[PDB]
J.: 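Can you keep this structure in mind? I'll have questions shortly.
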Amino acid sequence: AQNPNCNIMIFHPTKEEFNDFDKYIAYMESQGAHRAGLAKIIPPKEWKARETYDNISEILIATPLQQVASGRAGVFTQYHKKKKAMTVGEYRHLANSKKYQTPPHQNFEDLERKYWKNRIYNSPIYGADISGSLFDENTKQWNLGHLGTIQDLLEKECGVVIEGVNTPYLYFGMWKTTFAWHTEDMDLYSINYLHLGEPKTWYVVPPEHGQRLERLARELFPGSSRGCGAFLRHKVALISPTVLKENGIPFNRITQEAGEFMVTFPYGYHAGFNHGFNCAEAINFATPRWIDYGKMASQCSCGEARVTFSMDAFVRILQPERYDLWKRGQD
Ligand SMILES: O=C(O)CNC(=O)C(=O)O
Ligand SMILES: [Mg+2]
Ligand code: NI
Ligand SMILES: [Zn+2]
């Protein structure tokens with residue numbers, strides 16, 4: 001069995017190996033990369049996503065989100081308070097202000113210590129989930145707006161044509177912006193490219209151990225768990241590495257830098273934080289190996305999780321018994 005300790009693997013594809021996206025995902029899996037839940041892909045030195053980032057300031061962040069925490073430093077939830085619209089140039093100036101800028105630090109480990117000690121005492125503002133792309137149309141390799149769609153994969157595997165579309169999203173971050181513990185919608189893959197700026201630290205639980213994280217979360221968030229049998233779908237709960245280690249939960253950590261891709265694998269729980277002003281692009285995707293995970297994915301039906309149009313068909317075809325209850329949650 002490849003990668004039996006479920007370590008995060010780092011890949012360096014050549015320019016020739018960078019041509020065929022599907023083939024390279026399957027290669028990484030042949031080496032056991034999915035057992036970690038997360039892999040890093042460093043593009044060949046010949047590749048670029050676009051020519052420059054000098055002309056992005058006029059992108060609008062229509063609904064910036066202030067991430068307000070409740071709880072204790074290692075075990076907390078966050079809610080998102082909507083703020084007034086601002087441009088990317090306005091948001092960058094805000095991120096660099098004395099109130100929001102990254103503090104002085106020695107290295108990534110010192111900054112990680114400061115994040116976990118202090119995060120709850122501040123409310124950073126995140127530009128998340130903005131439909132769009134920063135890849136140039138002429139970038140032919142690993143262009144996240146030109147991937148094979150999940151609807152086409154379901155049709156190729158199962159024979160059924162379905163409605164829906166699959167497009168990328170932009171994330172503009174600042175110091176202490178946080179992504180809560182989650183797996184993807186329908187336990188899909190994700191791919192994330194860090195276009196510019198400061199790093200992103202990730203934490204991940206191997207897919208084979210995801211239910212250990214779920215049991216801890218039910219213990220640590222007992223009101224939320226009574227409310228919803230899949231409350232981590234709400235994407236609000238944070239648990240620190242120290243707390244995970246105290247409770248024997250298997251996990252790994254890695255820091256992504258500008259110019260790097262990360263891939264999350266089906267049912268790989270992940271969480272993390274941004275080091276300072278940055279911009280990432282991400283999209284969900286599927287492969288043949290996903291179908292079995294999609295059929296078994298948990299679902300939130302309490303009303304909270306509320307998701308895209310395109311998840312309807314995935315539930316309806318892969319999970320027909322759950323469909324009626326899930327759709328009640330959506331309405
Ligand atoms: O970058 C973020 O805020 C969160 N990203 C993801 O969870 C992802 O790419 O799957
Ligand atoms: Mg612009
Ligand atoms: Ni994710
Ligand atoms: Zn729910």
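One is the number of the first residue; the rest follow in order along the sequence. Note: hydrogens, waters and symmetry copies are ignored here, and every other heavy atom, side chains too, is used.
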J.: Can you label the angle between the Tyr193 ring and the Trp47 ring as parallel, tilted or perpendicular, going by 30° and 60°?
T.: perpendicular
J.: So, the side chain of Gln141 versus the backbone of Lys15: is there a donor-acceptor pair under 3.5 Å, distance only?
T.: yes
J.: For the side chain of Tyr171 and the backbone of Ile130, is there at least one donor-acceptor N/O pair under 3.5 Å apart?
T.: no
J.: Check step by step if side-chain contact (heavy atoms from CB on, under 4.5 Å) holds for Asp185 and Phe314.
T.: CA-CA 10 Å; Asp185 286 346; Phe314 300 159; over 6 Å; no
J.: Check for a donor-acceptor pair, side chain of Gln101 on one end and backbone N or O of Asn96 on the other, with a separation under 3.5 Å.
T.: yes
J.: Checking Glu17 side chain against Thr14 main chain: does a donor-acceptor pair fall under 3.5 Å?
T.: yes
J.: Does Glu137 pair with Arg50 as a salt bridge, N-O distance under 4.0 Å?
T.: no
J.: Do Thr63 and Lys83 touch side chain to side chain, with heavy atoms closer than 4.5 Å?
T.: no
J.: Contact between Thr178 and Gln78 at the side-chain level, heavy atoms closer than 4.5 Å - yes or no?
T.: yes
J.: Which pairs count as ring-ring contact (aromatic ring centres under 6.0 Å, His included) when at least one residue sits in residues 93-121, sequence neighbours excluded?
T.: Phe108-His275, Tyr115-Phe273, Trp116-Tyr203
J.: For the residue pair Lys176 and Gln67, what are the closest heavy atoms and their distance?
T.: O-OE1, 4.4 Å
J.: Looking at every heavy atom in both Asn284 and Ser190, which two are closest together, and how far apart are they?
T.: ND2-CB, 3.7 Å
J.: Using modelled atom types and a 3.5 Å cut-off, is there a donor and acceptor pairing between side-chain atoms of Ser225 and backbone atoms of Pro222?
T.: no
J.: Looking at residues at least two apart in the chain, or sitting in another chain, which of them share a ring-ring contact (aromatic ring centres under 6.0 Å, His included) with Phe179?
T.: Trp202
J.: Does any N or O in the side chain of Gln319 come within less than 3.5 Å of the main-chain N or O of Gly294, such that one atom is a donor and the other an acceptor?
T.: yes
J.: Just by modelled atom types, is the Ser224 backbone N or O under 3.5 Å from a matching donor or acceptor in the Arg218 side chain?
T.: no
J.: I'd like to know if the side chain of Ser133 pairs up with that of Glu281 as donor and acceptor (distance under 3.5 Å, no hydrogens or angles considered).
T.: yes
J.: With side chains defined as the heavy atoms from C-beta onward, is the minimum distance between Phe135 and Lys140 less than 4.5 Å?
T.: no
J.: Determine the minimum heavy-atom distance between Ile56 and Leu134, stating which atoms define it.
T.: CG2-CD2, 4.0 Å
J.: Do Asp152 and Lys156 meet the salt-bridge criterion of a basic N to acidic O distance under 4.0 Å?
T.: no
J.: On the 0 to 90° scale, with breaks at 30° and 60°, tag the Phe21-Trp142 ring pair as parallel, tilted or perpendicular.
T.: perpendicular
J.: Please check if the side chain of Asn122 supplies one atom and the backbone of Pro124 the other of a donor-acceptor pair under 3.5 Å.
T.: no
J.: Please tell me whether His209 and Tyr269 form a close aromatic pair, meaning their ring centres lie under 6.0 Å apart.
T.: no
J.: Going by the side-chain hydrogen bond (donor to acceptor under 3.5 Å, both in side chains) test, name the single residue among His270, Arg233, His234, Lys235 that passes it with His182.
T.: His270
J.: Compute the centroid of each ring, for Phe285 and then for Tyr189, and state whether the two points are separated by less than 6.0 Å.
T.: yes
J.: Does a salt bridge link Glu112 with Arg253, judged by any charged N lying under 4.0 Å from a carboxylate O?
T.: yes
